[PDB]
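One chain is shown next in structure tokens, namely the form solved without the partner chain.
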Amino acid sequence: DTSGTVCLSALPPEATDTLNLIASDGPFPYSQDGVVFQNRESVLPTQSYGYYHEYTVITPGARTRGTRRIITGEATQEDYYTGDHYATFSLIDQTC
């Protein structure tokens, strides 16, 4: 299940950067950016393979991809933010 919705302005600035790169279809900083997100644990609504894709939300100072990500859903304006390494997700509202 999702943990509600959150305004883009309420997320780390890096989340805005990630969405801008998604809008231009990259290029992305990490090789894992753009790969299919399987939603293996069924936290997000059930959809067929390929409906979801994942992108890194850079954590300042991190040597690794960290724990922040944006999962895109194929529907219009459907994007999910997780700041706890896929444990919980919140729908991102780019209008606020």
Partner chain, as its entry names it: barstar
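Positions refer to the first chain, counted from 1.
The same protein also has a form solved in complex with the partner chain, omitted here; what follows describes it.
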Would you check, heavy atoms only and a 4.5 Å threshold, whether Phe37 touches the partner chain in the deposited complex? yes
Residue-level question: is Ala75 within 4.5 Å of the partner chain in the deposited complex, judged on heavy atoms? no
In the deposited complex, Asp25 touching the partner chain (heavy atom, 4.5 Å): no
Within 4.5 Å, heavy atoms only: does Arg65 come near the partner chain in the deposited complex? yes
Residues in 57 to 96 with any heavy atom within 4.5 Å of the partner chain in the deposited complex: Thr64, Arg65, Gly66, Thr67, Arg69, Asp84, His85, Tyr86, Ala87
